[PDB]
Amino acid sequence: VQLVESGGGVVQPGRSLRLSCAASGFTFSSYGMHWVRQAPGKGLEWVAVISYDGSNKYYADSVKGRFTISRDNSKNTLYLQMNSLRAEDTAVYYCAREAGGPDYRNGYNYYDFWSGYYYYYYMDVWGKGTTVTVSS
Amino acid sequence: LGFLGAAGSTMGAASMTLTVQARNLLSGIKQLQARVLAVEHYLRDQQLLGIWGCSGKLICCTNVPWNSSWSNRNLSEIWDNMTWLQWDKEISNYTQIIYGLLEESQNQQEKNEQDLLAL
Amino acid sequence: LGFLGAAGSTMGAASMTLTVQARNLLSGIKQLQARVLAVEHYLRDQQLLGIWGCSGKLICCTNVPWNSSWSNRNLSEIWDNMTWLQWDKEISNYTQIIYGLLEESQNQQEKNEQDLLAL
Amino acid sequence: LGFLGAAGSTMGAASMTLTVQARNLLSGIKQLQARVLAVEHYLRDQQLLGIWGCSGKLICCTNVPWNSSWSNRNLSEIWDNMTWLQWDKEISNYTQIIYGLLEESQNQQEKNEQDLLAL
Amino acid sequence: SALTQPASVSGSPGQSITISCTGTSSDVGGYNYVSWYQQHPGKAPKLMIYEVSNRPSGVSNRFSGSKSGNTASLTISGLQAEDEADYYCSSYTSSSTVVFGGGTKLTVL
Amino acid sequence: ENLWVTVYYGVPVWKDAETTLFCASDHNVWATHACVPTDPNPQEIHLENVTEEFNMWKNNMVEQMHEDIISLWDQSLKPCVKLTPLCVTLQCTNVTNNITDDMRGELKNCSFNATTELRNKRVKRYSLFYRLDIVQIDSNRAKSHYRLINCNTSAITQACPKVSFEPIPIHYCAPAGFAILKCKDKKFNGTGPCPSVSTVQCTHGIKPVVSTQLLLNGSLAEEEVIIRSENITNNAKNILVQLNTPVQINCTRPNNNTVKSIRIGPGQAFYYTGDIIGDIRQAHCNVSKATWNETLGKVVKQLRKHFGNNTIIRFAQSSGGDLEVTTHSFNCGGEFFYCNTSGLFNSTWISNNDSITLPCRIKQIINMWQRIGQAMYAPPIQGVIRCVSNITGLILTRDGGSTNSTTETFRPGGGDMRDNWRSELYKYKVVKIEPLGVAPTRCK
Amino acid sequence: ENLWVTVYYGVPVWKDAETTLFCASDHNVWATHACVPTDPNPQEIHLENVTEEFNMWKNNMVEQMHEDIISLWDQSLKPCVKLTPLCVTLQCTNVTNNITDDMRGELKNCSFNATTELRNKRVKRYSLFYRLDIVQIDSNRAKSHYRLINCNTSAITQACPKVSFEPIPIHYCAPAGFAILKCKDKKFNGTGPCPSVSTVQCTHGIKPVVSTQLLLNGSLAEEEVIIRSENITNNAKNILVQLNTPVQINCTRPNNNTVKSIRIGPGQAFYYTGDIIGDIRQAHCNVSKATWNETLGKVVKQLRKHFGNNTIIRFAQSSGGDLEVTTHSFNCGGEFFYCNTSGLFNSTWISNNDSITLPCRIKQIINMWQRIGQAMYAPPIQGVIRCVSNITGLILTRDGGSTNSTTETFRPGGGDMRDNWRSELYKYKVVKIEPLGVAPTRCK
Amino acid sequence: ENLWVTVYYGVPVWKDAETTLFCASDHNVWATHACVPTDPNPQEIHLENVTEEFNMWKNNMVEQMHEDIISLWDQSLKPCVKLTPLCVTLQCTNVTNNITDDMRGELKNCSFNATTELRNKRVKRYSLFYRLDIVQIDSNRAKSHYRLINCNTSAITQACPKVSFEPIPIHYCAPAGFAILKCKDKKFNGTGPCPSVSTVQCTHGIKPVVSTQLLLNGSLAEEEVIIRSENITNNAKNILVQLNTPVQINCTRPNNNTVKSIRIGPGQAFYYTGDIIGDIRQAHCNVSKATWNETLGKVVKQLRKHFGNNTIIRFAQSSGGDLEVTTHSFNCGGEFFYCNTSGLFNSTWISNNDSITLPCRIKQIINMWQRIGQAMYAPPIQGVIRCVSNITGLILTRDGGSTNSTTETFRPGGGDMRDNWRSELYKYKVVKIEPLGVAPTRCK
Ligand SMILES: *[C@@H]1O[C@H](CO)[C@@H](O[C@@H]2O[C@H](CO)[C@@H](O)[C@H](O)[C@H]2NC(C)=O)[C@H](O)[C@H]1NC(C)=O
Ligand SMILES: *[C@@H]1O[C@H](CO)[C@@H](O[C@@H]2O[C@H](CO)[C@@H](O)[C@H](O)[C@H]2NC(C)=O)[C@H](O)[C@H]1NC(C)=O
Ligand SMILES: *[C@@H]1O[C@H](CO)[C@@H](O)[C@H](O)[C@H]1NC(C)=O
Ligand SMILES: *[C@@H]1O[C@H](CO)[C@@H](O)[C@H](O)[C@H]1NC(C)=O
Ligand SMILES: *[C@@H]1O[C@H](CO)[C@@H](O)[C@H](O)[C@H]1NC(C)=O
Ligand SMILES: *[C@@H]1O[C@H](CO)[C@@H](O)[C@H](O)[C@H]1NC(C)=O
């Protein structure tokens with residue numbers, strides 16, 4: 001039941017960076033996922049959310065055009081591809097799982113396509129985070 | 001001639017193919033119903049022949065005279081100028097009475113004589 | 001008289017309706033079974049009669065004197081007074097021995113006698 | 001004897017069991033199939049016997065010679081040194097021919113003659 | 001963009017304190033998708049309350065919450081030293097994004 | 001001189017034998033396609049100088065008729081809509097529409113969560129139930145948690161409203177090789193010889209009437225009231241009494257019911273009673289009082305011929321059990337009535353217009369016979385039911401002994417289906433025909 | 001010297017009769033485990049001078065045959081998966097796979113919820129349907145709610161994709177004691193004293209092709225186009241026209257179909273249409289234009305022979321009603337096609353290398369027979385299906401009036417099912433053999 | 001010299017024939033309520049000098065036995081409660097008992113959501129299952145998701161606790177017109193002439209014992225061990241070894257298991273093992289070691305006659321496949337056992353007390369007869385049981401192919417139910433009686 005972030009390196013302004021969440025101990029492929037960031041001394045900022053097929057991808061306006069969320073259902077890995085990183089993007093990035101599950105309604109559990117869970121609309125499992133820094 | 005090949009022929013000729021017709025009288029639920037039906041019909045006719053004293057006989061001369069009004073016809077007309085299908089149509093009205101007359105006048109009476117004469 | 005009309009009549013009197021009784025012997029799944037059984041029963045009797053040389057006969061005579069130990073009544077005393085229902089009860093336990101006796105004592109001997117006519 | 005008591009004996013000896021072998025020719029869905037089939041086999045044989053002029057006869061004698069090409073043996077071998085199982089194999093291929101002759105050569109000739117003995 | 005939340009709150013040990021958070025139609029007066037997290041410094045945040053007043057398994061019964069209009073509220077009853085963590089409010093929005101509040105620092109003295 | 005063994009074939013000889021019978025009719029439950037057209041000529045032949053013993057209760061024509069009715073019911077119900085989707089709890093209260101204190105709480109207003117044509121949709125629905133069809137839960141919080149009385153056993157099934165349950169008479173016919181011998185003696189009870197007999201190929205039709213106490217629409221005794229029993233000295237056997245005086249009985253379900261229906265599943269229609277228009281009334285049966293008194297008096301005159309003279313005789317009602325063995329259970333119009341006959345059996349007899357009204361109960365969930373491996377529902381009937389029948393006989397039992405073997409008393413009960421049909425089949429015996437026999441004479 | 005009765009046994013005499021017939025062959029719905037191979041050497045009598053009168057429409061062989069077909073369809077469908085569990089609310093949207101304008105609205109894509117291998121689990125799922133298989137269930141709630149067309153009536157069943165519907169010809173064989181008469185009169189009028197008759201033990205094989213307006217794959221007339229009707233002035237009845245030259249028809253469903261399979265329950269497989277790839281085009285059937293016109297000219301001349309001279313004849317389109325009667329219908333590969341006849345029945349007649357394309361629609365949920373007791377779902381067919389068949393006859397009706405020998409209008413019929421076979425069995429009659437006859441002579 | 005033809009009726013002539021056989025009765029799967037009464041006194045008739053040639057494996061009596069057994073299982077199984085409602089996700093934990101070393105991992109404690117009498121009430125229930133009955137759904141995540149092994153294929157059905165599985169012997173009887181020929185020879189290996197024969201109307205009873213590698217409860221050879229095969233050099237064939245000495249085997253399930261039950265629905269009940277009283281131990285079978293060694297040596301002694309001399313003969317365990325072909329399978333008390341045979345087929349023989357304990361496995365969800373169209377759940381048996389049975393024979397597989405054609409090695413086989421019955425049916429042949437024949441003579 002773990003989310004382990006890696007790829008938290010340091011880049012020059014304008015450069016790209018790839019993060020990867022080595023999820024393990026859960027049916028990663030059946031859960032939605034999020035990236036959240038927190039600059040030192042700052043509160044939590046949501047970055048992006050992704051569906052099982054990716055059919056649904058949403059981004060914070062503040063990261064729009066710079067951040068892309070993707071995933072690998074099999075490798076149990078969540079990815080975040082950062083482009084054109086700004087000084088303002090220095091933050092600790094965290095991997096978090098979207099909770100959810102089956103929907104217990106009218107006596108029977110209901111599931112999405114390919115038995116994917118639905119969303120309960122709040123993050124539950126959190127990783128440890130990794131630091132992404134833009135140098136100067 | 002094959003089965004019923006004599007149907008269009010002279011009754012007096014057709015009488016020589018009687019075994020052709022007799023030969024062919026005997027062979028998921030319906031199949032049993034059909035087989036049973038064939039058996040039932042076969043036996044009803046055999047029983048009747050067995051009452052008139054025709055068991056095993058292809059042709060029987062009976063000891064029973066009959067009502068000429070059933071068919072006001074010459075024997076030469078009956079046997080030489082017409083078929084069995086036509087004949088049946090002409091005398092169909094008398095089937096039951098003929099059978100009754102044969103029943104009573106053949107074995108039911110003849111066998112009284114069989115016991116009386118067995119001395 | 002109709003079917004079983006002679007049932008209460010004496011045996012002699014009742015001999016006058018043998019053909020009547022014979023005609024009335026012949027005509028979800030259990031009904032098919034009933035029809036098959038009627039056939040089976042009928043054929044057993046016909047086979048027995050054939051064995052005894054009674055095919056087509058209402059009345060037969062064999063070459064076998066009967067054993068008086070089976071009944072001590074005389075000829076007219078039985079025939080002019082008893083009914084067939086009564087008679088059948090009176091000699092009921094000898095049915096099988098009589099039948100076995102008839103099957104071999106008449107026909108094994110007769111078929112050999114008729115074979116020797118070839119010499 | 002009992003059923004097949006003389007089955008391994010000679011054809012001649014076996015003539016004494018003919019009255020024995022005939023006894024057991026007669027007695028949800030499988031049972032009907034078995035019973036109906038047994039009846040049909042019985043009746044096919046009876047039909048052939050009737051046509052051949054075998055009215056319950058255990059032994060029939062026809063007016064038909066057999067073909068000399070079917071067997072080169074004398075009667076002493078056939079009846080004393082042969083069994084019925086062996087004989088059946090020996091003449092198996094002529095059964096249909098024989099039967100055709102038994103039916104046609106017997107009945108057409110018999111009625112052509114018999115109808116004229118009745119005048 | 002962010003939810004309104006006090007920079008800090010405080011109270012003495014053993015007291016009941018609440019942390020308010022204010023959104024818009026597109027949160028609390030638009031969905032029950034309203035949650036709170038507790039973040040000990042140096043660690044990823046953990047869920048304390050979800051669905052306005054839902055209790056995750058493992059969270060003490062002294063933690064509760066409520067909503068009214070566009071205002072969310074986290075209740076921490078019986079403040080201890082272990083509560084000196086940042087609190088965050090968040091919501092699943094109409095637009096299917098997650099909005100976080102500014103973050104509240106709780107001091108227990 | 002010496003007589004020889006001779007053989008006669010075509011001999012008129014009978015044997016006591018058992019085989020099955022053919023069904024001939026006069027769709028319905030009984031008059032189905034699997035039944036022979038009506039015998040155009042029931043050619044009865046009287047037999048001169050024939051006396052035979054016909055012991056009934058040995059007569060297996062009864063057993064064959066018994067098995068046929070059971071099979072026919074099952075064939076008819078087999079393709080009907082089941083009530084398994086209705087085995088849910090119900091929220092019930094007292095339905096009100098000018099109900100008297102006698103019927104108060106008898107009829108319930110119940111609601112449940114129903115399945116609709118599409119299985120993923122549920123709706124709340126209302127229907128009415130009789131108290132006898134439903135049961136409660138006591139300890140589980142509240143009393144309005146009712147369930148159908150038989151959801152704990154084999155699925156309750158019933159629909160096919162198009163099928164008629166009217167007891168249309170069925171004739172039985174002998175298979176070839178058999179004949180049915182009928183007793184012409186009007187005084188014959190069920191045992192011993194019958195001096196006047198005749199045979200038929202087919203019997204007349206018998207109506208498959210179902211009843212527990214009062215045998216309805218049957219053969220009438222012609223000369224005298226006849227009391228029949230396998231044993232007339234013990235208290236183990238039932239007493240079958242055939243009347244020679246039909247007693248008219250008028251039964252009603254005086255409630256103008258409206259029928260509603262729903263679809264539960266794929267053409268899986270269900271019918272139930274909706275409202276009742278006009279105020280509610282108690283079901284009942286009316287027997288002419290004088291006729292009934294005459295009826296019992298005649299029975300007593302006959303009891304005195306099996307029993308002694310100058311005996312006080314008393315009648316009482318059933319000792320109890322389910323309604324099927326306590327009340328007069330009968331069907332009419334598809335409705336199942338359970339009538340209290342104590343009003344018919346609350347009098348005494350001595351050593352030397354005015355109606356009787358019997359209150360009735362209504363039941364919708366039934367088990368048909370005495371088997372509990374099946375259950376059936378009953379359709380609601382729209383409108384008011386009025387039924388007129390003739391009491392043909394009684395099923396009585398005798399009380400188990402008395403001081404000084406006097407004051408005999410009797411009670412209705414013992415309603416086994418097998419004993420109802422005895423009153424119709426006692427007249428018949430089935431025999432096999434054995435045409436072959438030996439009668440030695442003079443021959444060569 | 002009077003005459004006496006003489007009995008002859010083995011007499012060649014016939015009686016009209018109705019009996020059952022045996023199924024004979026040369027998995028599959030008709031060529032089943034209880035049908036036996038024929039003897040390929042019919043013992044015909046080569047037309048001896050026997051004349052026999054017989055007809056169509058009174059030949060009860062047709063009715064027996066019809067019932068057997070219904071029974072075979074049910075027997076092969078009984079051990080198949082019920083689709084009842086799929087009667088759920090469906091959510092449809094527009095299909096987006098390059099559909100052309102002519103096909104807009106023909107296909108709908110629905111998502112739905114369904115059961116699976118475990119009872120407590122339900123998985124979202126989607127499938128593609130033809131518009132004719134579903135109905136809208138509620139404008140009020142929204143504009144996306146649909147259900148399968150027959151979920152509010154008897155349950156739809158489908159499985160057994162392994163069973164062929166190939167119309168393997170079946171022969172009928174007489175039971176012993178019976179014979180089948182066969183008409184060799186190639187000019188036979190359907191009712192008269194056929195002068196050219198023979199006898200067979202078995203009929204030739206007949207392909208059980210089931211269709212509506214046009215008869216496919218039957219016997220061809222050998223000499224001339226012929227017409228059969230029970231009564232020519234009866235405008236309620238159908239007219240059968242047999243062609244003496246086949247009309248070749250090339251049909252297609254020119255769309256590459258992916259077949260998908262899911263499990264609904266415990267070994268309860270369901271097959272359905274998955275993506276259709278490539279573009280979407282209308283199903284259709286082509287006939288040579290020239291041959292169709294030639295065919296009609298011959299039909300018109302034959303019609304005139306039964307009417308006065310210079311009768312002006314028109315062909316026109318059907319009255320509508322259910323699609324089964326409205327359009328031509330046939331099965332091919334298990335698929336069900338409903339085709340318009342607008343290009344076939346349009347032209348008029350006067351006293352003095354091209355083709356016709358008929359648009360076709362596809363249905364999957366079908367009430368196979370005229371009864372609504374059950375419903376069947378067709379399986380999808382993997383890949384692209386093409387069919388070639390021969391029109392051997394037409395079923396037409398006359399309008400209920402025409403005026404002064406003009407505008408005599410004929411339209412496609414096909415209202416009955418039975419005439420699909422009356423058109424093949426018209427050549428046969430069934431008789432009982434009555435070998436026992438009596439005829440007098442002079443003998444001892 | 002000019003001799004003619006005679007016809008003989010009642011001729012003692014035989015033909016090979018294929019017909020069916022009856023049943024024998026004197027509830028359970030075979031000697032059912034719808035089974036033919038047996039013959040209390042069958043008559044075996046010795047035939048003076050008849051030698052009859054016949055063959056095993058060409059004997060259609062085997063196929064008839066096979067089909068009847070399948071039919072009987074289905075008739076028995078059909079009116080049972082289906083376990084489809086129990087195909088739910090199981091939450092599995094360990095067994096809170098003293099588990100021996102060989103039982104760890106053999107049992108699981110499964111909990112689940114279950115239905116109740118009413119369709120709105122659901123409860124949590126639990127049951128213990130054998131490892132072989134349970135399959136892991138998602139090892140990843142949950143680490144607790146399990147289902148019954150056959151819920152994704154044809155439904156598992158089984159109740160009918162009142163019906164035993166005792167292999168009551170059935171005598172087969174021929175219909176009139178047929179006879180059964182019995183071979184009394186004690187040397188024949190089933191392919192050739194039998195110098196000593198007799199005929200019967202009915203066979204002795206044959207017990208339908210379920211088996212694989214070892215043949216239990218069969219008729220024993222009387223004089224010598226006989227090894228029978230279709231082709232000795234064909235290693236693809238099964239080898240039947242019939243012993244002339246029984247080997248006693250004693251099996252047990254030494255666990256005082258308690259059966260609990262639930263009500264699933266409307267008369268729908270399920271039984272399962274709940275609590276276990278006492279320690280949990282593996283089921284096992286004992287074979288006398290000394291007897292087995294000598295018995296096997298006798299088999300070898302005969303193998304040395306069927307095969308050549310100075311060949312080392314070895315025995316080994318089977319190579320693989322599913323449980324049904326690797327263990328010795330048998331029924332005991334209605335329960336099914338799958339026992340290891342490694343302690344039996346482990347030896348080397350050259351030309352120059354104690355016991356064998358075999359560990360056993362338990363499988364409750366059974367795919368009998370290698371049919372994939374259905375499965376059954378054997379009900380649990382209350383308490384501790386013991387099985388005592390006789391080993392009558394073995395099915396061996398020769399391992400064909402050897403360098404220098406030496407050291408023959410055999411493994412247990414028998415993966416065909418038809419090969420068990422061979423051991424009793426090998427003595428019988430069915431014959432049609434042909435009473436007609438023709439022969440020459442001097443008559444005219
Ligand atoms: C009417 O009922 C009486 C009483 O049961 C019958 O009398 C008995 O008849 C049987 C013969 O079937 C005898 O064995 C009994 O001993 C008789 N009982 C007594 C008390 O005597 C009588 O036969 C019945 N039948 C008729 C026509 O009256
Ligand atoms: C299987 O698990 C069940 C619980 O699902 C066990 O039943 C419990 O047993 C304990 C005692 O060990 C009781 O205190 C509980 O009240 C029981 N619960 C129920 C619901 O009955 C059961 O004993 C376990 N069986 C095994 C052998 O592990
Ligand atoms: C009975 O009917 C009267 C009208 O005649 C009505 O006023 C009264 O309320 C009704 N009583 C009940 C209990 O329904
Ligand atoms: C329902 O009727 C019963 C009598 O059977 C009575 O005791 C109860 O109070 C009534 N309840 C209501 C709500 O009328
Ligand atoms: C064997 O055949 C001979 C032929 O002479 C016969 O005598 C003997 O009865 C038959 N014996 C046995 C017992 O097979
Ligand atoms: C055993 O079978 C063989 C054929 O493999 C055969 O040749 C031999 O005669 C049989 N032996 C006996 C005694 O059955």
# chains A, B, ... in the order shown; residues from 1 in each chain; ligands from 1
$ residues_around --residues "residue A:58" --least-positions-apart "2" --cutoff "8 Å" --atoms "only C-alpha atoms" --output "tab-separated table (two decimals) with N, CA, C and O atoms, in the first residue's frame"
chain	number	residue	atom	x	y	z
A	48	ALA	N	-2.58	17.73	-11.06
A	48	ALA	CA	-3.32	17.02	-12.10
A	48	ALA	C	-3.95	15.71	-11.64
A	48	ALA	O	-3.46	15.07	-10.72
A	49	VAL	N	-5.01	15.29	-12.35
A	49	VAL	CA	-5.67	13.99	-12.11
A	49	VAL	C	-5.82	13.19	-13.38
A	49	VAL	O	-6.10	13.75	-14.44
A	50	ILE	N	-5.66	11.87	-13.26
A	50	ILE	CA	-5.83	10.98	-14.39
A	50	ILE	C	-6.71	9.73	-14.14
A	50	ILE	O	-6.59	9.05	-13.11
A	56	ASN	N	-9.84	10.91	-19.07
A	56	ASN	CA	-10.12	12.07	-18.28
A	56	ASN	C	-8.87	12.59	-17.61
A	56	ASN	O	-8.26	11.92	-16.76
A	60	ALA	N	-4.57	21.90	-13.09
A	60	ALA	CA	-4.71	23.21	-12.49
A	60	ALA	C	-4.40	24.25	-13.55
A	60	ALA	O	-3.57	24.03	-14.42
E	96	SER	N	-13.95	19.42	-12.16
E	96	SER	CA	-13.24	18.18	-11.88
E	96	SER	C	-11.77	18.35	-11.53
E	96	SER	O	-10.93	17.51	-11.87
E	97	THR	N	-11.47	19.38	-10.76
E	97	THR	CA	-10.14	19.67	-10.29
E	97	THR	C	-10.16	19.67	-8.79
E	97	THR	O	-11.23	19.58	-8.17
$ residues_near_ligand --ligand "ligand 1" --cutoff "10 Å" --atoms "only C-alpha atoms and all ligand atoms" --output "NGL selection string"
:F and (53-56 or 185-195 or 226-233 or 305-306)
$ write_last_selection --atoms "N, CA and C atoms" --output "short mmCIF file (atom, residue, chain, number, x, y, z; two decimals), in the first residue's frame"
data_model
loop_
_atom_site.label_atom_id
_atom_site.label_comp_id
_atom_site.auth_asym_id
_atom_site.auth_seq_id
_atom_site.Cartn_x
_atom_site.Cartn_y
_atom_site.Cartn_z
N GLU F 53 -69.07 -59.38 -6.80
CA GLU F 53 -68.74 -58.62 -5.61
C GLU F 53 -67.85 -57.47 -5.94
N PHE F 54 -68.27 -56.29 -5.52
CA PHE F 54 -67.54 -55.08 -5.84
C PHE F 54 -67.12 -54.34 -4.63
N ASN F 55 -66.01 -54.71 -4.06
CA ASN F 55 -65.64 -54.01 -2.86
C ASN F 55 -64.94 -52.72 -3.24
N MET F 56 -65.46 -51.61 -2.76
CA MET F 56 -64.85 -50.34 -3.04
C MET F 56 -63.80 -50.21 -1.97
N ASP F 185 -77.59 -51.94 -8.91
CA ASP F 185 -78.39 -52.08 -7.71
C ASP F 185 -78.39 -50.80 -6.92
N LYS F 186 -79.54 -50.17 -6.87
CA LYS F 186 -79.71 -48.87 -6.24
C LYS F 186 -79.47 -48.92 -4.74
N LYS F 187 -79.57 -50.11 -4.15
CA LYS F 187 -79.38 -50.29 -2.73
C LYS F 187 -77.94 -50.65 -2.38
N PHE F 188 -77.11 -50.84 -3.39
CA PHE F 188 -75.75 -51.25 -3.14
C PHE F 188 -74.96 -50.16 -2.45
N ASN F 189 -74.20 -50.52 -1.40
CA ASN F 189 -73.37 -49.57 -0.65
C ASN F 189 -71.92 -49.53 -1.16
N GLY F 190 -71.15 -50.62 -1.03
CA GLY F 190 -69.73 -50.59 -1.38
C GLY F 190 -69.13 -51.90 -1.12
N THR F 191 -69.90 -52.78 -0.53
CA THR F 191 -69.36 -54.11 -0.36
C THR F 191 -70.34 -55.19 -0.73
N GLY F 192 -69.80 -56.37 -0.95
CA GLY F 192 -70.62 -57.53 -1.18
C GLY F 192 -71.08 -57.57 -2.62
N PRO F 193 -71.90 -58.56 -2.96
CA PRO F 193 -72.41 -58.83 -4.28
C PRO F 193 -73.39 -57.77 -4.73
N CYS F 194 -73.44 -57.55 -6.04
CA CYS F 194 -74.36 -56.70 -6.77
C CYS F 194 -75.05 -57.63 -7.79
N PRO F 195 -76.35 -57.93 -7.60
CA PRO F 195 -77.16 -58.85 -8.38
C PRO F 195 -77.55 -58.36 -9.76
N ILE F 226 -77.71 -43.39 1.79
CA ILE F 226 -76.82 -44.53 1.99
C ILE F 226 -75.56 -44.21 2.75
N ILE F 227 -75.33 -44.98 3.80
CA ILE F 227 -74.14 -44.80 4.59
C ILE F 227 -73.15 -45.89 4.28
N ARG F 228 -71.96 -45.49 3.84
CA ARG F 228 -70.92 -46.41 3.42
C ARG F 228 -69.64 -46.28 4.24
N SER F 229 -68.99 -47.40 4.51
CA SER F 229 -67.68 -47.34 5.14
C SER F 229 -66.91 -48.60 4.93
N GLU F 230 -65.61 -48.46 4.83
CA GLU F 230 -64.73 -49.61 4.81
C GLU F 230 -64.88 -50.47 6.09
N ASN F 231 -65.14 -49.80 7.24
CA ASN F 231 -65.32 -50.34 8.59
C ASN F 231 -66.34 -49.46 9.33
N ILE F 232 -67.45 -50.07 9.79
CA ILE F 232 -68.54 -49.39 10.50
C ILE F 232 -68.53 -49.66 11.99
N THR F 233 -67.46 -50.26 12.51
CA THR F 233 -67.42 -50.48 13.95
C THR F 233 -66.26 -49.75 14.62
N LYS F 305 -79.64 -48.24 11.65
CA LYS F 305 -79.58 -49.58 11.07
C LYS F 305 -78.17 -50.19 11.14
N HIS F 306 -77.19 -49.42 11.63
CA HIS F 306 -75.81 -49.86 11.76
C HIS F 306 -75.49 -49.79 13.23
#
$ atom_distance --atom1 "atom CA of residue F:322" --atom2 "atom CA of residue F:419"
18.7 Å
$ select_by_dssp --residues "stretch 370-443 of chain H" --states "strand (DSSP E or B)" --output "MDAnalysis selection string"
chainID H and resid 375:377 385:398 409:412 428:433 436:441
$ interface_residues --of "chain B" --to "chain D" --cutoff "10 Å" --atoms "only C-alpha atoms" --output "ChimeraX atom specification"
/B:15-20,22-23,25-29,31-33,35-36,38-39,42-43,54-61
$ residues_near_ligand --ligand "ligand 4" --cutoff "7 Å" --atoms "only C-alpha atoms and all ligand atoms" --output "ChimeraX atom specification"
/F:93-94,104-106
$ write_last_selection --atoms "N, CA, C and O atoms" --output "short mmCIF file (atom, residue, chain, number, x, y, z; two decimals), in the first residue's frame"
data_model
loop_
_atom_site.label_atom_id
_atom_site.label_comp_id
_atom_site.auth_asym_id
_atom_site.auth_seq_id
_atom_site.Cartn_x
_atom_site.Cartn_y
_atom_site.Cartn_z
N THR F 93 -51.01 -1.97 7.31
CA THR F 93 -51.94 -1.35 8.24
C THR F 93 -53.36 -1.89 7.97
O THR F 93 -53.58 -2.58 6.98
N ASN F 94 -54.35 -1.52 8.82
CA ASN F 94 -55.76 -1.90 8.66
C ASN F 94 -56.41 -1.07 7.55
O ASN F 94 -56.44 0.17 7.64
N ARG F 104 -62.77 -6.79 11.56
CA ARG F 104 -61.81 -5.77 11.83
C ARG F 104 -60.44 -6.36 11.96
O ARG F 104 -60.21 -7.27 12.76
N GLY F 105 -59.52 -5.84 11.16
CA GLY F 105 -58.14 -6.30 11.14
C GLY F 105 -57.93 -7.51 10.22
O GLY F 105 -56.80 -8.00 10.09
N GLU F 106 -59.01 -7.99 9.59
CA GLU F 106 -58.94 -9.16 8.72
C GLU F 106 -58.30 -8.83 7.38
O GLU F 106 -57.65 -9.67 6.74
#
$ residues_near_ligand --ligand "ligand 3" --cutoff "9 Å" --atoms "only C-alpha atoms and all ligand atoms" --output "number ranges by chain"
F: 96-100, 278-279
$ closest_residue --among "F:80, F:128, F:197, F:372" --to "chain H" --atoms "only C-alpha atoms"
F:372
$ residues_near_ligand --ligand "ligand 2" --cutoff "10 Å" --atoms "only C-alpha atoms and all ligand atoms" --output "PyMOL selection string"
chain H and resi 91-98+107-112+124-128+273-277+280
